Every structure is written in C-alpha cells, then in structure tokens.
C-alpha cells in the first residue's frame, strides 16, 4: 500500500486483479487481511428494484481470522466495489439486526430508495460485523446471536469491525485509483444508525458525512424496555404459549390498535393545524393524550370500556397495560432505565384491508399465532440482550427466553449491561453504546450528520433520539450547523407506516458536506399512500424542533403546500 503500484493501468481489470493475495504486493493496514475475491464486473442494467450498476472491481475477503473462546471461527468479512468511472467519493453502508450477514455491498442509502451509492459511482463497502450467521449459529446460545459468547466478537460488533473495514477499503481505494477519496460517507439505519453515531464519536476522521436513521445508540437498554413491555402487557394477554408464558400477542387485536390510533388522531391530529391523519405536533400530542380518558371519536364515547369489552372500546386492563409499556422501564426507586415512547397514529394504520404490522411486531407480535413471537418477548431482540449485552452472557434454549423476560428483575438485571466478568473486560454499554455528545473533532474537520427517526418506531424511541439531540445542542452551541435531526410522524422502524417514510438522504448529505448547504427541509414521500386513501403523499421533513405546517391552501398531499415551522 506503501510500495510502488503494480505496473498496470489504474482503475482497470489488471489493477483490480492485482489486489488479490499472491497477485501483487499490496500491504494492508491490518496484516491479517486475506483477499478472497478480486474480480472485474461488467455493468449491470437497471431492474424493477435497483438502479444500474457501473462496471467495477469487486473485492471481498476477511480480516483477523481466529478462533473464539467458544471454539467457533471468527473473522471480519468485507465486500468492496470500486467503479471504473469513479466520482472520487467513498461510501460505507451500515448494518441491521445483530449483523452477521454480508450484503451485496452496492451501498444502500435506506429510505426505500432504488438507487445505490455504487449506481451513483461511489466506491462502496460493507461488512458482517465480525461474525457470520451461517457459521456462528450456535443452537445452545440462541442461534445467530451466539457471537456474544466471544469477547473479541463483541468488540468487533461494537466498533472494531467497522474501523478495520473502513481502513481496508480506503487502502484498496488509494491503490486501485492512485489517490485517496476526496470525501467519505456513511449511511445506516437501526444498528446501522448506531454505527454512524459511533463513528462520529469514536472515529471522527473516518467519515465526512454521516446519516444515522433510527439509531440504536443505547441498544443494550432495548432488552430492558422489552422485559418491561412484556411484563406490562402480560395482564392483558389471553391464553398461554407452550411454556406457560402469557400470549403477549393476544393482548391487542389489530382492530384494537386501530381504535387506539384513531383516538390518538382525534386528540392530536389537528394540533398541527390540519386533520390529515398525521400527528406533526408530537410534543403537543404527548401533553394531551391519555387513553384512560380520551374519547373514541367514532361513537363519542370513552375509549376505555365502561362495562364489557366491545369492538369499539379498550378494556381498562388493556389501557393500563399500554400506558405502562409506553411509560418506559423504571427500577424500584422510580428511576428511568431507558426512556418513554411517543403516542402516535403509526402504532396502527389501515391500507385497504391490511392493518399495519410495523409497530406491533416489536412488543406484541402477530395476533394470529398460538406462540409468542414479538422481538421483545422471545424474538431476536430479547435473545440478543441475553447473549450479547448481558455480562456474563446468558445462553439458554429459545423456549426459555419469554419466561426470562417475564421474571426480569429491574433492580438487578439492568446492571448487567454495565458489568464486566472474566474475559469480558468491557461492558456492553462500553463497546456498543454511542451516547457521547463530544463531537467537536467531527464538527471541526467539516463533518456533517443527518439523523432521522420514525415517531412510531417500537424498536428505539424517537423521543430518546430527540433527548440525545437536545443534549448535543446544549453541549455544542450552534449544533444545527453540523448536525440535524428529522423526526418522521407516522413512520415505523426504518420504513413503513402512515407517514412519509421514503427519502433520498445521500443527495442532501453531499450538499451539506461539499457545498455547505444545510438541509432546512428534506423532501419525503409515503411508500404506502393507501394509509390515507390517496395515490401519493409528499411532505417536507423538518429539522428538530420544527414541524411541518400546512400553508392553508392547495392539495394536502403535496409537499409544496407545507413549510417547516416552530409548533403553533
């Protein structure tokens, strides 16, 4: 990487193939880098779901092949694509879930977009985070979360993998093109959004522009919320699963959640000036809505049943349950362990005859099942907390996860995300958390960050991202000059819901970093406009704390008739 280049033309098939082990003398930043593929790829035409891919060099391999203390093989996989015709920009996409998979690495920009970064002639890279869902699938350690049994695999998942992969990709770019990238960009959602915030705090010089959507920047606390919502909803459950755990998925039918959503709309929709099915004034909604006293606007009666349950009311047990779940977990002293959640119409939604599953899948699960299947009851999120974030890890059969969430002790078990034990020398909050508001180094070198978060996200609370942004603004006056937050009413986790959940985040990110154009609004459209009975709906996303306000005339489904403003 330092020695003279191979005597072949740059940005060519020959320069591409010379990157493979034994085909040249490239020095990688990590001496344990093994290139397994270095292949020239012809241009690929556009498809119904993807933009055309230019002719490029594809490089894939692994870093730091080793054996974990669990006896499993571990390595950091990467896939890199460098177009023959390059715009001089470097791009890394974020992960999802607990990672463990290696994407096509064409540079996803999220927001339901058809275009990839590679389709825009970026050089693009992706990683699996340091473990492999096919290899590190341990049936005694809850499946694909099994990497949590190895301390180094935890560190790789928290920060080290993306650091190693960023360095390797930049080194390959400089060799293949003969020059370093002019600017580097990172875009991720969920776990990928946590990765973006981590990079801005831990490795500020890695990327110049960062998009962090629905960022799990306190991901080790998600399982604490999950135990809380599970125990809060259990009194409203009907029936038991095969292990005797109440069926949390039966606590609310789809029709029940739509009643809740409609009551929220009755209380909150017009607080922004327009009864359009979207709660733009989320702060005013949180101050006004209480399902224990709110009305069902369709029958004019209280949402909470006075007597027996009917299709038009929610039982007092249901109302108590969802209120407690939305309040957030606390210890015996009443101290919050995570954050509270915003009431929003995207908890439900109806398009044709299809009820929105995008909110309820996280805490409740699908209603039509005799087993628990929520992410937070027995699913991936609960499993990840036990094996990946609790220290020491707590492997167990998948049949026992839901019962463990039911017996979760909020004075004892939350401490496990701050603890170390034996060879686990860092806590999960140490290696996975990204809570720092010290972004001076990132800002001072020209870094720009766009955050976004759907209000009806049940994985991570949009209000918790807002609280981080408030802390950032207090710690760094003038923070809006380099970091802005775009909350999306009605939107669920990274996509979906009765809101404008689709948007091109890369175009304004490049404009901010390279031309100094801060995003005063970001255009967005609904992927499911049927939620509003219309063919399309476009709206501006507004920088926190602004919200969209109707101008008073014109099509309510047209972005041009809205502007960003402070709440009324």
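Numbering follows the first chain given and starts at 1.
Checked against the other entries of this protein, residue 554 counts as resolved in every one of those spanning it, not missing from a third of them. Compared with the other entries of this protein, residue 21 is frequently left unbuilt, missing from a third or more of those that build its neighbours. Higher average CA B factor: 35-43, of the stretches 522-530 and 35-43. Higher mean CA temperature factor between 387-395 and 305-313: 305-313, per the PDB entry.
Each of 452, 424, 159, 338 has a CA temperature factor in the record; the biggest one is found at 424. Among 483, 268, 214, 294, the highest C-alpha B-factor recorded in the PDB entry belongs to 294. Ranked against the other modelled residues of its chain, the C-alpha B-factor of residue 409 as given in the entry falls in the middle third. Per the PDB record, residue ranking by Cα B-factor puts residue 430 in the highest third of the chain. Per the PDB record, residue ranking by Cα B-factor puts residue 402 in the middle third of the chain.
When all modelled residues of the chain are sorted by CA temperature factor, residue 512 is found within the middle third.
When the modelled residues of the chain are ordered by C-alpha B-factor, residue 353 sits in the highest third.
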